[PDB]
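# Summary of structural features
If you want the building blocks of each chain, they are given just below.
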Amino acid sequence: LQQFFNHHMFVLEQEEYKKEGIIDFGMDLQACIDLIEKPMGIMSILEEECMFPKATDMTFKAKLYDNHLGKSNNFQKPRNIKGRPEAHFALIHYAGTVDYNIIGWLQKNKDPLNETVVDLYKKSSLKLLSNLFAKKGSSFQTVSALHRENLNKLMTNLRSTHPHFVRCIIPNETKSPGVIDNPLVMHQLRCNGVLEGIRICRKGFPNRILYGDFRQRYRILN
Amino acid sequence: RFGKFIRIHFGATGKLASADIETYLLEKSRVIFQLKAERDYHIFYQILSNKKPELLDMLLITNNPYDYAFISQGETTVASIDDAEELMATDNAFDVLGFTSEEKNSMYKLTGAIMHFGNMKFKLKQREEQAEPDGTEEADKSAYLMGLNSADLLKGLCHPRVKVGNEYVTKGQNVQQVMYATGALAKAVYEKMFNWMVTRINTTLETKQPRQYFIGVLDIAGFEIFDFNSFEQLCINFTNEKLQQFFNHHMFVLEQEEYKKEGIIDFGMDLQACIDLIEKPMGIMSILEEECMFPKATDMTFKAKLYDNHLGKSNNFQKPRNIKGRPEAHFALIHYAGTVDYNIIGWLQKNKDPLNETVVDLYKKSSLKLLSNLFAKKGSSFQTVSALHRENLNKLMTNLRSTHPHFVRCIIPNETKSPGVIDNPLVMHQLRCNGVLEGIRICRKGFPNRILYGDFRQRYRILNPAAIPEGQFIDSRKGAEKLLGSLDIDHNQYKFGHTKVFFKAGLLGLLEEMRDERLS
Amino acid sequence: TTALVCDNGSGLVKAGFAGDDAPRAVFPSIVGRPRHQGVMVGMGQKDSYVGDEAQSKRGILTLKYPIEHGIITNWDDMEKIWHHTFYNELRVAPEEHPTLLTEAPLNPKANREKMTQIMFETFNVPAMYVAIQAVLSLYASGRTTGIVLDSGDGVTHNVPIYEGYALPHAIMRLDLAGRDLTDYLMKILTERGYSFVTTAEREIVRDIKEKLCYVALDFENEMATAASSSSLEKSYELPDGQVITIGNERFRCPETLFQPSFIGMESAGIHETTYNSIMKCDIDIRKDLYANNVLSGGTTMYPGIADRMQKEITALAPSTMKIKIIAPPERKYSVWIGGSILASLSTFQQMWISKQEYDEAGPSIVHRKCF
Ligand SMILES: Nc1ncnc2c1ncn2[C@@H]1O[C@H](COP(=O)(O)OP(=O)(O)O)[C@@H](O)[C@H]1O
Ligand SMILES: [Mg+2]
């Protein structure tokens, strides 16, 4: 979604800069998606890691360190501060260095759709008869794969539209007057992607001043 | 011997909620090693008393303090104390409190379980080193008293099994290390039982009010200077030394606050060097700890090493003068109480705490209270009384640095609970042993004479006035500047401020030697 | 801080913190490259299996020892052994930890200096030390005096120490040790019919050596017994089956410690290099050395080497002199445990070779006042 924001800002900022006569910003995020979406990426390595006979989660971390430690700039070893329980790899997203825990991804990644039980779901006299009514992945389709397809379908639904973003944040734990706790607003500054669109416009010229506006206020300068 | 710490816990806006205790520094060597002018803790003497015969039948005790090895190195009994009165205290506290009735049996089971440890011979095998108990009657009585097995205790004391890599290996021992093991397990289980009992009394003392922001009150033993200052006495002396170190910094922040209010080296450094001699590595507690690790290091070798490392190298450390026929003195530390000698002999035996691990496993397996009591690594086989003193004192310190002190001193008049026959050696000795004379002399290095300007004019304008009396017609800062401009006193003697004026110790008697010339 | 008492070893590597009974990480010092291809794709196997991970995958590896006889012969392997030791077995970064290494007597100077280069340059230890592997087994044994017999897996050295002063001249170093005994048991199990040429079963026959072998009290009497009787024919189960029945090849492997003429070693046994090491000392300190003969090292853990050693060293000594052998049942790890005594001493804090003391004087700082 933030990747759609960066291109969508770049086309508008490009429109004003071509009106005035004055690398894409989405590339700033693209590498992280390059680490995640593309084959030989972390979701793909997690998907194919299941297919092996005896591949445990420790073998999966060994394979991620085999493929991406130093090969890709986003992927980096996890520092653990303040007594986190365990951290196994870190991705510097647009929010920054974000660790992860491998343990148990191979159990939750799997979605083997048992076909004959789906046939018995069709045969049963209930709502399910109406609910459950080159092939790909009859025995090996994973939560990462349907996440990839549903996210691509949301994307191609969203690339056919024109966005108008709204952000919305909570003050603190209490539905309260002005006792706003700045760790929460500084954290949801980066988690909502607000600080990103703050810093993307800084790489161009954000100071958009009119000439007569520069003369009614800042001719006083010199 | 130990320290009390009674937190009277409050609420949010000062309403008494609860109270808890967490005692510090129960002396292990006091349990094992007793000086002839000293005694053990009272519980063993209570069971040795014939006040309750059911414990004597129960614990297989021979009615005699002289008989047992723990209770014969020291004194059996002294005047002004009665053992049946001590048991009269404990059965009153044991009959009604928060606990059940079985633990009243269990605590006595553990004390009389300590008693049968040390009598075991642990004879050396022929042409070997491993000490085999062949005289196994008394540790059999122990294993009946605890609930441990009879043979497993003897095998575990004789052959401690340790974990290497994955697979266990046993080591042997000699007679010496197994005697330090059978003392070390006793002192460890006694201190953990006593801390457990502090938690059991804490279960009674805690009530379900919301506990917040305690105003807790600690008690501790006094910095005591005998003719036989030993490592036991070092365990008191360095503790109260560190408490006095907290006092010097705590005075310095307050005196700094008033002197920065008025506009006028740290004092803790005055004590720091002594702690530098004791706490820091290559210090006397550290040299005593590493002295044990050598193969053949006796106490004479330890004194030779202390003289090698600190004679002249550190200003505190100095050779012991012996006056008035002290028995023997081996090194002297000028503490805040002054030159304090010490006796090396026997520190290496009482310093040791080798916690025998497989016997702790058998302590876990036994069906008693102990199953609940005894349930990068450091010092599995080399942990010492000095090390746990260092850690418990540091934990008391970081408990105490999170608080704000308000000191109370309390002294005895003399030996008799008496009217005014106070014997001045005792008050002069507890003047320095309580650290009172230190805080007396620390404030003297600044300006202690804290006099207000109008207070300097209502009383000491009489010293050198003008031709007109007081009247309150000059502002009191200038009304005292008019005074000090004619007292013939140099600038280095006083320091001028804003709200008050201060003077060095030795001036408010100079404010009356010429005033008696005025009042002649 | 805490100091790590490492031990390079020769067939086992033990590493633990100063302040423990036993070392926290004991594993063989092997580095195995995989010989075969790997038809399964995506398995992601490493180019170098090291340590105890390479003890479970032995039937596919070419196991190599980076320490042949005391000396490190391949440093690119020994760096992997140390890296696996700190990062995987102990899981501590050595940046904030001193490190006590233990190196045998009479090693090459370049071995000790190169070891110091690998410790300061690569791992960046703040202050390491290199201590003599026989003296630490005198710390652990609780003796101030006495000849110590550190029969390691790699090399066997008979250092004497009197009143804490080691005697440099009397130190006897013998190449014959547990590795060469394992090669000789590979040599004499072929005499029965069970072939062992692949180094992967080097760990099989050594395990036989751990279980079955024992030093016999007499040799010609036991060779007169095992050739006629069958009470010594003891079997063993290999990891596939075909249980093997070792008879007179049982006490004949560890006898090569006492008869080096079995494998063409010129020298006398370690029951006589001990005696030549005591006779090399002065003729007044010998009385404490005959009483305080220490045994240490994994190779000394045979059942009955403390009685055969005492029988032979009593047969060589003057018979009016008391013979006692101090061998606690932690013979193998006694080189480490005294190291856990060594780095835990407060007086040892001046002995560390600091990095500031290293960079001023280069790698030759080890043979100066700091050792
Ligand atoms: N219980 C045992 N009985 C006989 N031989 C043993 C035993 N344990 C170890 N060894 C032999 O001793 C060697 C391992 O001992 P160790 O002292 O750890 O060697 P290193 O010091 O070189 O690591 C191996 O060659 C092994 O076969
Ligand atoms: Mg060794």
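Residues numbered from 1 in each chain as written, not as in the entry; some residues may be left out. Chains lettered and ligands numbered in written order. Part of a larger assembly, values for the part shown. Heavy atoms only, no water.

- Judging from the entry metadata, cryo-EM is the method by which this structure was determined, and 3.8 Å is the reported resolution.

## Some words on the overall build of chain C
- Summing up its helical and strand segments, chain C has eleven helices and 18 strands in all.
- A compact globule built from 371 residues should have a C-alpha radius of gyration of about 21 Å, and chain C, at 21 Å, falls within 12% of that.
- Counting only C-alpha atoms, chain C reaches 70 × 65 × 35 Å along its principal axes.
- Per-residue burial for chain C yields a buried fraction of 56% across its 371 residues.
- Put simply, of all contacts in chain C between residues at least 6 apart along the chain, 68% involve residues at least 24 apart.
- Of the roughly 15700 Å² that chain C leaves accessible, carbon and sulfur atoms contribute 49%.
- Here chain C contributes 37 positively and 46 negatively charged side chains, and the mean placements of these two sets differ by 1 Å. (Helix = DSSP H or I, 4+ residues; strand = E, 2+ residues; numbered from the N terminus. Rg over C-alpha atoms; globule rule 2.2 N^0.38 Å. Buried < 20%, exposed > 50% of the residue type's maximum accessible area, 1.4 Å probe, protein only. Contact = heavy atoms within 4.5 Å. Areas by Shrake-Rupley, 256 points an atom, 1.4 Å probe, with all protein chains shown as cover. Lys, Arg positive; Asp, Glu negative; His and termini not counted. Charge placed at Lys NZ, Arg CZ, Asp CG, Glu CD.)

## Considering the UniProt feature "binding site: ADP 1" (unreviewed entry) in chain C
Residues and elements named next belong to chain C.
- Using the residue numbers shown here, the UniProt feature "binding site: ADP 1" (unreviewed entry) corresponds to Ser10, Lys14, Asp153, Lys209, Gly298 and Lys332.
- Discounting chain neighbours no more than four positions away, the residues touching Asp153 are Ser10, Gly11, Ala177, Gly178, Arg179 and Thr299.
- You can see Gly298 is positioned in the loop between β16 (293-296) and α9 (305-316).
- Exposure remark for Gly298: the relative accessible area of 32% places this residue in the partly exposed category.
- Once residues within four sequence positions are removed from consideration, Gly298 is found in contact with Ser151 and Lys332. (UniProt positions renumbered as here; feature names shortened; annotations may be inferred.)

## Considering the interface of chain B and chain C
- Chain B puts 27 residues into the contact, and the matching count from chain C is 25 residues.
- Summing both sides of the interface, chain B and chain C together bury roughly 2300 Å²; the carbon and sulfur share of this comes to 61%.
- On the chain B side of the contact with chain C, B:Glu129, B:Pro295 and B:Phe382 bury the most area, a combined 21% of that side's loss.
- The interface formed by chain B and chain C includes one salt bridge. (Buried area = accessible area lost by both parts, 1.4 Å probe. Salt bridge = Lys/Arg side-chain N within 4 Å of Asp/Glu carboxyl O.)

## Regarding the sheet that holds strand β8 (residues 127-132) of chain C
Residue and element names in this part refer to chain C.
- Across the sheet, which stays open at both edges, the six strands sit in the order β3-β2-β1-β7-β8-β18 with mixed pairing between neighbours. The open sheet has two edge strands with one neighbour each: β3 (25-27) and β18 (353-354).
- Of the pairings in the sheet, the one linking strand β2 (residues 13-17) to β3 comprises three bridges and is antiparallel in character. Of the residues in β3, the one forming a bridge with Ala15 is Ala25.
- Along the sheet, helix α2 (residues 109-123) contacts β7 (99-103), β8 and β18; its crossing angle with β8, the most-contacted strand, is approximately 155°.
- Here helix α10 (residues 334-342) sits on the sheet in contact with β1 (4-5), β2, β7 and β8, set at roughly 25° to β2. (Pairing = 2+ DSSP bridges. Axes fitted to C-alpha atoms, helices over the stretch in contact; angles between N-to-C directions.)

## Describing the domain arrangement of chain C
Residues and elements named next belong to chain C.
- Segmentation of chain C into domains returns domain 1 (4-137 + 333-360) and domain 2 (178-256).
- The C-alpha-based centres of domain 1 and domain 2 are spaced at 31 Å.
- Roughly 800 Å² is buried in total at the junction of domain 1 and domain 2, and carbon and sulfur atoms are behind 40% of that figure.
- Here domain 1 and domain 2 share zero salt bridges between them.
- Linking domain 1 with domain 2 are four residue pairs in polar contact.
- Residue composition of the side of domain 1 that touches domain 2, by class: five nonpolar, three polar and two charged. (Domains from an automatic or database assignment. Polar contact = N/O pair within 3.5 Å; in protein donor to acceptor, adjacent residues only side chain to side chain. Nonpolar A, V, L, I, M, F, W, Y, C, P; charged D, E, K, R; others polar.)

## Comments concerning the interface of chain C and chain A
- Counting residues at the interface gives five residues for chain C and five residues for chain A.
- Carbon and sulfur atoms supply 63% of the area buried between chain C and chain A, which totals about 360 Å² over both sides.
- Counting the surface chain C buries against chain A, the share from its top three residues, C:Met40, C:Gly42 and C:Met43, is 73%.
- Put simply, chain C and chain A have zero salt bridges between them.
- Across the chain C-chain A interface, the total number found is one residue pair in polar contact.
- Here the residues of the side of chain C that touches chain A are counted per class, giving three nonpolar, two polar and no charged.

## Structural notes on the packing of aromatic side chains
All names here are of chain B.
- Enumeration according to the criterion identifies 40 aromatic pairs over all chains in this entry.
- Centre to centre, the rings of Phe94 and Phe99 are 5.9 Å apart; their planes meet at 70°, and the pair counts as edge-to-face. Pair check on accessibility: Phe94 and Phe99 agree, each one buried.
- Here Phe456 and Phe503 contribute two aromatic rings whose centre-to-centre distance is 5.6 Å and whose plane-to-plane angle is 40°, an arrangement assigned as tilted. On the criterion of sequence distance, the pair formed by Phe456 in helix α19 (residues 453-459) and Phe503 in strand β13 (residues 500-503) is long-range, its members being 47 residues apart. Considered together, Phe456 and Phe503 belong to a single accessibility category, that of buried residues.
- An aromatic cluster of at least three residues, connected via ring pairs, comprises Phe231, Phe302, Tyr307, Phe317, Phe331, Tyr342 and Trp347. (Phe/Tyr/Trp six-rings, centres within 6.5 Å; stacked < 30°, edge-to-face > 60°.)

## Digging into the sheet that holds strand β9 (residues 148-151) of chain C
Residues and elements named next belong to chain C.
- With mixed pairing, five strands are arranged side by side in an open sheet as β13-β10-β9-β16-β17. Each of the sheet's edge strands pairs with one partner strand only, and the pair in question is β13 (173-174) and β17 (325-326).
- Relative to β16, β9 is paired through three bridges, and the arrangement is parallel. Considered in β16, the bridge of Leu149 is made with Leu295.

## A closer look at the site of ligand 1
All names here are of chain C.
- Close to ligand 1 lie 14 residues, the nearest being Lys14, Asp153, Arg206, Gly298 and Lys332.
- Within the backbone of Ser10, a nitrogen or oxygen atom sits 3.1 Å from an oxygen atom of ligand 1.
- In this structure, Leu12 approaches ligand 1 through a main-chain N or O atom, which is 3.5 Å from an oxygen atom.
- Protein chains bury 91% of the 560 Å² of accessible surface belonging to ligand 1 in isolation.
- When residues in the shell around ligand 1 are grouped by element, the largest group, three residues, is from helix α5 (residues 202-211).
- Taken together, the residues of the shell around ligand 1 sort by class into three nonpolar, five polar and six charged. (Near = heavy atom within 4 Å.)

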